[PDB]
Amino acid sequence: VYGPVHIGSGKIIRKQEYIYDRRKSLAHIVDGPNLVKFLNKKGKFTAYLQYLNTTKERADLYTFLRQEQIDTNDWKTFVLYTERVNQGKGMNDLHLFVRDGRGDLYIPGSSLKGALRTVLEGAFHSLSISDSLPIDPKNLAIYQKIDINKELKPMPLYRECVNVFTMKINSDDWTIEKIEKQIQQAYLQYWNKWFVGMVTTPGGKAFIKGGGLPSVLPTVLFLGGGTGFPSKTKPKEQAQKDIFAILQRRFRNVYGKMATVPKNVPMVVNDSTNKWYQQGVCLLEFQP
Amino acid sequence: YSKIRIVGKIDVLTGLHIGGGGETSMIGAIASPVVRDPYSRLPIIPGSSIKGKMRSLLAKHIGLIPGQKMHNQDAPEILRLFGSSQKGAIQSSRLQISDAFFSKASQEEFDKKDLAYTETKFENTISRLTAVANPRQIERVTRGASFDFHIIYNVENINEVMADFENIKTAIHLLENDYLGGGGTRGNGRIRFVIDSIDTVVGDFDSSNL
Amino acid sequence: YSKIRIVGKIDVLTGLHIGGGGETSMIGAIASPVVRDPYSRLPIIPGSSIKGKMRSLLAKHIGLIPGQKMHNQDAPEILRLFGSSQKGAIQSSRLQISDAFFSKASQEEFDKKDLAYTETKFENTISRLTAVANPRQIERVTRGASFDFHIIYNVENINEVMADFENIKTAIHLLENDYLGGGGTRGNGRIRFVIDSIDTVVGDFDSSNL
Amino acid sequence: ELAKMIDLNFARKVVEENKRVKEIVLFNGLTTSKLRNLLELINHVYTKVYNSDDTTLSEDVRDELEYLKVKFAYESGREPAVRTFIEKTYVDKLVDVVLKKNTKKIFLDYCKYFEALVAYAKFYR
Amino acid sequence: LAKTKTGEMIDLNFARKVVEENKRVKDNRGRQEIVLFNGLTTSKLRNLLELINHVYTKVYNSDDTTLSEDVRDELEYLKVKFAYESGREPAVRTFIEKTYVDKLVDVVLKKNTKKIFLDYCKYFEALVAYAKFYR
RNA sequence: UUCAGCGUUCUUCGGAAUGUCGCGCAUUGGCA
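What comes next concerns the included structure.

**Brief notes about the protein's contact with RNA strand F**
Argument step 1. Not every one of the 46 residues close to RNA strand F is listed here, only the nearest: A:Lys15, B:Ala133, C:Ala133, D:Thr31 and E:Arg46.
Argument step 2. Taking all atoms of RNA strand F within 4 Å of the protein, the share assigned to sugar and phosphate is 60%.
Argument step 3. At 2.7 Å, a side-chain N or O of E:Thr41 approaches a phosphate oxygen of RNA strand F.
Argument step 4. Between a phosphate oxygen of RNA strand F and a side-chain N or O atom of E:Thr42, the distance comes to 2.9 Å.
Argument step 5. Of all the elements in the fold, those that place two or more residues in the surface near RNA strand F are β8 (152–162) of chain A, β7 (132–141) of chain B, α2 (32–51) and α3 (59–78) of chain D together with α2 (42–61) of chain E.
Argument step 6. Counting residues per element, the surface near RNA strand F draws most heavily on α2(D), at 5 residues.
Argument step 7. Among the residues forming the surface near RNA strand F, the class breakdown is 15 nonpolar, 15 polar and 16 charged.

Okay, structure coming up:
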């Protein structure tokens, strides 16, 4: 996991749903009911409602708590847990990581299997992949999605990502050497056909200047989300033409209006450490 | 004529999905729910599922005759252990695997931990020609839950009872290495067996060796 | 000559599939419906299934004469208890096992919790050749079902009454291990004859020590 | 004898007209899976209707039938082929008249009509 | 489920009527695109439906016929979230005020019954499905 | 520069039971 990886759980929580300490630089992920009943008991529920009515757009919970000056230990009692944060801008949005019924951090094996199937294509019953081992929640830190299209820009999409598996095959259908060779070939194709376009852009120059890409980057996979359209899907020029056509067909606003073929289709992460990072990249190891 | 009863534990290593239709699903809720005991309203590993999975794994292990268009034609050890239906060669079924119900121990563990025995897993199908995703919600059984599986073996051929129980143990190991229920090729259905006790409920057979 | 009733109950421990017929399957409905008494439209356990299972298990325990082609070749205890039809030497059956109906207690506990009496279990058939499933719907009976089994014993030879009731006890113990109805090899049929009440309905026979 | 006539012969003839061969395509490209899902909902309500013995539809089955109409509308919105099928066979209108009648018999003939639609749709392929 | 003003009842056909009433063709640049609830899209609708989905799953797993205190606090948080979302976007505000969902959650809280919450969930299903249908 | 996210999909496609027994025997009958 050389880059922050977020596997969504279908739940997106707003700024007002959780607390964000800017000075302490930590995000308190809180459940709803505990906070609601705490405010009902302490008389802060009507105050919270008036706060929501006063400022519709920005309703950060931490600023409201500071305005009411509530005790920090009274904050901890309704907080589900806390996470270390990284922002390039209070946070706007937040995407939660996938948690099973018990609540441990884990990457589902289905994500790995789907990524492997996509990269290998170019059936699939023999390759049986199971869930990865549980990970302690402290590795779950909140990162930001940043778009680099000739210029870097922070985005409101903040995502809970992991900080930077048992599998069985049948010998005839799949082989470890063949699948790893195909993974490496797919990564090389991704580098040659699309990564060079981002290298040439000035935003890419800024990214490499700060050492954003790992020096080492073998077997590299795009496990989680935020990786891009070059993944999750040919001659180079024909491929670019197909992506441009499909983007024009689907996204009427950004791509449909503009007729000219961009420099690279598609046109497009900050951490408290000076090194820049990219979302979704992972390094894998297979043992028999 | 002695009946030897196996009782043991099936502890879910990962989430367990065993689908079942006929349930109205809310929009955006679980599209494909797991099987439930209607009484307890709790997840259950049906005896049919366990028996079918074990027979399939064993018949794949020893071998499958080419052009095997039916289950009756198979390795005769499987016919003796699980049954057969061939015209003129019906063999009685010596293994009767029953439903694996939710144990009180794991249920109380979850109740004390404030956990629901099921979980809703978010997945999506990403068509890659257009990179268009179609989402879905699958129900799974929370890891750490335990079921109590209860098989009964009729001792008809005393000479080969040791071989038959060895085959049962081998099939159990095969079920260990593989999954049970829905798509386990993507990470579901992992289970673990803990053999609690083997005894002879009815008859005069000796169960100490087994 | 006395008549003794053994009215009690049967606690199903898993699904119970005693199939039936005479009704065409509506497309997508249950492929194999459970037998129901038409007036009450409730699943029942026909006395024929109980008597057949008891007789088969007891005959297996006592021992079958090699090359037994007819039921009338069983051991004389089995013929004495369950009845025989030979040529000229016909033995009347002292056991009369009636249809076991859905209990009113179980009916009330299923009307509570808003639970259907039967469960449309959803099954498939993975072929050995093409590995393609084949959906099936089986109308099993839920776990909470209790059935009012009713058995009449006729005392003809007072000396053999005790041995006959030991045979009945052995057979019901065998049935507590063995299943009732179809699909028992795949989880169905498990039962337990927990509830009993034996008394002499007609005559002067002593039924306290039975 | 639901409305206007609507019978099993209507089902067979409407599946015949809406059938077009290029491969066989019915109702402007309705796959059998969508029809099977609709029939699965039909089975889910029909089992509850069959188990009850009274001749008058209860409130629970009436609410489930309103839910079934809503699901029909959702399915039509999801795919144009299902919308054209629902409009050509008027299944939702039959649901409405079944609600209006408040009789188990009308629901039973509605289920028979739906099953006939499924059978003839598969047969003509 | 409940009752609105002017004697109109709350039902799934009422959801159909509500979505139809707030439907304007609103042709622009010669293209006929359907708008619902004065600019409301289906993404906000799916977000609200997921918010309902969580509590629906929690109530569906439980066998209790009376709404648990945990589900009551779920519903209070639902009210807070609905108010926040309606304040955020005017289109969502018109949607919420026209469908009377914010009153309906209060009714289901007062009734304190699992069946009533299920009926309210069915009503929200009717809203979202019928909005998808008319589009 | 600041602020804010937004829309997209919500399951899909197939498999919807199959094969087998289809009353048998005994008495009545036919033969003798």
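**Some remarks on helix α5 (residues 109–120) of chain A**
Residues and elements named next belong to chain A.
Argument step 1. Its 12 residues place the ends of α5 16 Å apart at the C-alpha level, agreeing with the 16 Å of an ideal helix rising 1.5 Å per residue.
Argument step 2. Buried within α5 are the following residues: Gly 109, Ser 110, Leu 112, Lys 113, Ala 115, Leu 116, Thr 118 and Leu 120.
Argument step 3. Immediately beyond the C-terminal end of α5, within one or two residues, lies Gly 122, with a positive phi of roughly 130 degrees.

**Side note on a positive patch on the surface**
Argument step 1. There is a patch of like positive charges on the surface, built from A:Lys150, A:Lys153, A:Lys205 and A:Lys263.
Argument step 2. Relative to the helices and strands, A:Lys205 is located in helix α7 (residues 202–209).

**As for a negative patch on the surface**
Argument step 1. Together, B:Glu108, B:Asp111, B:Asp114, E:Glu69 and E:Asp70 give the surface a local cluster of negative charge.
Argument step 2. For the negative patch, the secondary-structure elements that each account for two or more residues are α3 (104–113) of chain B together with α3 (69–88) of chain E.
Argument step 3. Counting through the fold element by element, B:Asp114 comes out in the loop between α3 and β6 (118–127).
Argument step 4. Classification of B:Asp114 by relative accessible area gives exposed; the value is 69%.

**Quick notes on the sheet that holds strand β14 (residues 199–202) of chain C**
All names here are of chain C.
Argument step 1. Reading across from one edge, β7-β12-β1-β14 is the order of the 4 strands in this open sheet, with antiparallel pairing throughout. Two strands bound the open sheet, and with one partner strand each, they are β7 (95–97) and β14. On average, each strand axis in the sheet is tilted by 30 degrees relative to the strand beside it, whichever way the strands run.
Argument step 2. Looking at chain direction, strand β1 (residues 2–5) and β14 are connected through 3 bridges and run antiparallel. Each bridged residue has a counterpart across the sheet, and for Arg 5 the counterpart in β14 is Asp 199.
Argument step 3. Sheet contacts for helix α4 (residues 161–177): β7 and β12 (151–155); angle to β12, the most-contacted strand, approximately 155 degrees.

**Concerning the packing of aromatic side chains**
Argument step 1. Applying the stated criterion to the full structure yields 42 aromatic pairs over all chains.
Argument step 2. Each ring, one from D:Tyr46 and one from D:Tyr50, has its centre 5.8 Å from the other, and the planes form 10 degrees; the classification is stacked. Taken together, the residues span about one helical turn, with D:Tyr46 and D:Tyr50 both in helix α2 at a distance of 4 residues.
Argument step 3. On the basis of relative accessibility, which here comes to 11%, the residue D:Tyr46 falls in the buried class.
Argument step 4. Members of the aromatic cluster, joined through ring pairs, are A:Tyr187, A:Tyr190, A:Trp191, A:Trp194, A:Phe195 and A:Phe222.
Argument step 5. Over the ring of B:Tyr179 we find B:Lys53; its NZ or CZ atom is 5.0 Å from the centre of that ring.

**Quick word on the pairing of strand β1 (residues 3–12) of chain B**
Residues and elements named next belong to chain B.
Argument step 1. Alignment of β1 against strand β8 (residues 146–154), held across 9 bridges, turns out to be antiparallel. Within β8, the residue paired with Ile 6 across the bridge is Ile 151.
Argument step 2. In the sheet, β1 pairs with strand β9 (residues 191–202) via 10 bridges, with the strands oriented antiparallel. Its bridge partner being in β9, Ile 4 is matched across the sheet by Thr 200.

**Focus: the sheet that holds strand β2 (residues 8–12) of chain C**
Residue and element names in this part refer to chain C.
Argument step 1. Spatially, β8-β11-β2-β13 is the arrangement adopted by the 4 strands of the open sheet, whose pairing is antiparallel. Both edges of this open sheet fall to β8 (101–102) and β13 (191–196), since each of them pairs with a single strand only.
Argument step 2. Examined bridge by bridge, β8 and strand β11 (residues 146–148) share 2 bridges and lie antiparallel to one another. Within β11, the position partnered with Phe 102 by the bridge is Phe 147.

**Topic: the pattern of salt bridges**
When the charged atoms of two side chains lie near each other, side chains of opposite charge can form a pair.
Residue and element names in this part refer to chain B.
Argument step 1. Going through the model one piece at a time under the given rule, you end up with 46 salt bridges over all chains.
Argument step 2. Here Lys 53 and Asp 178 are joined by a salt bridge, their closest N and O atoms 2.9 Å apart. With a gap of 125 residues between them, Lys 53 in helix α1 (residues 47–62) and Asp 178 in the loop between α4 (161–177) and β9 connect regions that are remote in the sequence. Summarising the burial analysis for this pair, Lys 53 and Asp 178 share the class buried.

**What to know about the side chain of A:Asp147**
All names here are of chain A.
Argument step 1. One can find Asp 147 in strand β7 (residues 140–148).
Argument step 2. For the buried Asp 147, no salt bridge exists, and the shortest N-O distance to an oppositely charged side chain is 4.5 Å, to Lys 153.
Argument step 3. Not counting chain neighbours up to four residues away, the residues in contact with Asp 147 comprise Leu 152, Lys 153, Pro 154, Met 155 and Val 268.

**A few points about α3(E)**
Argument step 1. The terminal C-alpha atoms of α3(E) lie 29 Å apart, and with 20 residues this matches the ideal 28 Å at 1.5 Å per residue to within 8%.
Argument step 2. Most of α3(E) is tucked away, with 14 of its 20 residues classed as buried.

**Observations regarding the interface of chain B and chain C**
When the parts of a complex come together, some accessible area is lost, and that lost area is often used as the size of the interface.
Argument step 1. Opposite the 38 residues of chain B that make contact, chain C presents 30 residues.
Argument step 2. Contact between chain B and chain C buries roughly 2,900 Å² in total, counting both sides, with carbon and sulfur atoms accounting for 57%.
Argument step 3. Counting across the chain B and chain C interface gives 3 salt bridges.
Argument step 4. Its salt-bridge partner being B:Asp74, residue C:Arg128 comes within 3.0 Å of it at the nearest N-O pair.
Argument step 5. Along the contact surface separating chain B from chain C lie 13 residue pairs in polar contact.
Argument step 6. Looking at the side of chain B that touches chain C, the elements with two or more residues in it are β2 (36–37), α1, β4 (95–97), β8 and β9 of chain B.

**Here's the deal with a nonpolar patch on the surface**
All names here are of chain A.
Argument step 1. The grouping of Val 199, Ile 208 and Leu 213 at the surface amounts to a nonpolar patch, some 210 Å² of accessible area in total.
Argument step 2. As for its position among the elements, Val 199 is in helix α6 (residues 176–200).
Argument step 3. We classify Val 199 as partly exposed; its relative accessible area is 32%.

**Let's talk about the packing of helix α5 (residues 101–111) of chain E against helix α6 (residues 114–134) of chain E**
A pair of packed helices can be characterised by two numbers: the angle between their axes and the separation between those axes.
Residues and elements named next belong to chain E.
Argument step 1. Running from N to C, α5 and α6 point in directions that differ by 165 degrees, and their axes come no closer than 9 Å. By the angle between their directions, the pair α5 and α6 is classed as roughly antiparallel. The handedness of the crossing between α5 and α6 comes out as left-handed. Within the contact between the two elements, α5 uses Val 101, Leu 104, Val 105, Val 108 and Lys 111 and α6 uses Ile 116, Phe 117, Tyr 120, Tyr 123 and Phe 124.
Argument step 2. Residues belonging to the contact of α5 with α6 are distributed by class as follows: 9 nonpolar, no polar and 1 charged.

**Describing the side chain of E:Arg88**
Argument step 1. When you line up the elements, E:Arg88 lands in helix α3.
Argument step 2. Looking at E:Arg88, its side chain comes within polar contact range of the side chain of E:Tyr84, at 2.8 Å.
Argument step 3. Excluding its chain neighbours within four sequence positions, the residues that come into contact with E:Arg88 are A:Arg14, A:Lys56, A:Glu57 and E:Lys44.

**Quick word on the packing of helix α1 (residues 32–42) of chain A against α3(E)**
Argument step 1. Close contact between α1(A) and α3(E) brings their axes to 8 Å; oriented N to C, the two are set at 85 degrees. Taken as axis vectors, α1(A) and α3(E) run roughly perpendicular relative to one another. For the pair α1(A) and α3(E), contact is made by A:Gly32, A:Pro33, A:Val36 and A:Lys37 and by E:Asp73, E:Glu74, E:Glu76 and E:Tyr77, respectively.
Argument step 2. Its residues assigned to classes, the contact of α1(A) with α3(E) comprises 3 nonpolar, 1 polar and 4 charged.

Rules and cut-offs
Residues numbered from 1 in each chain as written, not as in the entry; some residues may be left out. Chains lettered and ligands numbered in written order. Part of a larger assembly, values for the part shown. Heavy atoms only, no water. Residues with missing side-chain atoms left out of burial classes, pairs and counts. Near = heavy atom within 4 Å. Polar contact = N/O pair within 3.5 Å; in protein donor to acceptor, adjacent residues only side chain to side chain. Helix = DSSP H or I, 4+ residues; strand = E, 2+ residues; numbered from the N terminus. Nonpolar A, V, L, I, M, F, W, Y, C, P; charged D, E, K, R; others polar. Expected span 1.5 Å × (residues − 1). Buried < 20%, exposed > 50% of the residue type's maximum accessible area, 1.4 Å probe, protein only. Patch = residues over 30% accessible without salt bridge, like charges linked within 9 Å, V, L, I, M, F, W, Y side chains within 5 Å. Areas by Shrake-Rupley, 256 points an atom, 1.4 Å probe, with all protein chains shown as cover. Salt bridge = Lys/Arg side-chain N within 4 Å of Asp/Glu carboxyl O. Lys, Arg positive; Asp, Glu negative; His and termini not counted. Charge placed at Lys NZ, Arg CZ, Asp CG, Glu CD. Pairing = 2+ DSSP bridges. Axes fitted to C-alpha atoms, helices over the stretch in contact; angles between N-to-C directions. Contact = heavy atoms within 4.5 Å. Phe/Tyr/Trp six-rings, centres within 6.5 Å; stacked < 30°, edge-to-face > 60°. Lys NZ or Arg CZ within 6 Å of the ring centre and 35° of its normal. Buried area = accessible area lost by both parts, 1.4 Å probe. Parallel < 35°, antiparallel > 145°, perpendicular 65-115°, else oblique. Left-handed = near helix turned anticlockwise from the far one by under 90°.

Taken by themselves, the reported measurements are silent on function.
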